[PDB]
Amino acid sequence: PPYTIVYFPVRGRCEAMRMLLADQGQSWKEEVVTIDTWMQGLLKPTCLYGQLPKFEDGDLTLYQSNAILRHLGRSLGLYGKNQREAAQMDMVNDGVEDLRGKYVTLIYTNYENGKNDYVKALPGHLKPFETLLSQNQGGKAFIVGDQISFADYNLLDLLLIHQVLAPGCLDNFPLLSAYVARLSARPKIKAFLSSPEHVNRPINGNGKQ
């Protein structure tokens, strides 16, 4: 520490890392970049890949949202108890990221026309996570193992924004419905989810959700 998140004023690719920090009792500084500032063109060329989020952990400046999530999982002890679990958490997080990539293309590129067929295809994309939960202690614990990991925060975020996009999307997925309810009830996640900083923040940059 100290932690600083530098990002556009939306939830986007930073809400899972914000919930992880909040749940782990950490505080962070939020450095909000408006689109007007971004378009001035002074910040982008200092960003490694020209994009945000940018994250500072003391001395270390990181780019790439999943690299920042894996860093926090490693440093705060949220990456499993052995190599087998760590491997399974990476497999889960990469599946989360692939669906997040599709969700972002829908939202920014083809919301009006694409929404119907996306929501239709969504059960096929949610089914892997339901199967992983049934394989792990019958769905009663976390996505991998017995303790929360960086992968749980990213999957919870993905499921929460999907419930806004398609309200009944988890009705046929009992373990995933219960999981979302269970993790949302964690004292510090519930407090974060009710915070005005979270509530006032739009999910995406273009008003679609």
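Throughout, we count residues from 1 along the sequence that is shown. The term rigid core refers to the maximal set of C-alpha atoms that superpose within 1.5 Å between the two forms.
For the pair 27-35 and 149-157, rigid core superposition yields a higher RMS C-alpha distance in 4 other deposited structures of this protein in 27-35. Averaged over Cα atoms, the B-factor as recorded in the entry is higher for 32-40 than for the other of 65-73 and 32-40. Two stretches are in play, 114-122 and 84-92, and the higher mean C-alpha B-factor belongs to 114-122. Ranked against the other modelled residues of its chain, the C-alpha B-factor of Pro9 as given in the entry falls in the middle third. Remark: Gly139 belongs to the highest third of its chain, ranked by C-alpha B-factor as recorded.
In this PDB entry, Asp152 carries a Cα temperature factor that places it within the lowest third of its chain's modelled residues.
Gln51: CA B factor lies in the lowest third for its chain, per the PDB record. Among the modelled residues of its chain, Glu15 has a C-alpha B-factor that falls in the lowest third according to the deposited record.
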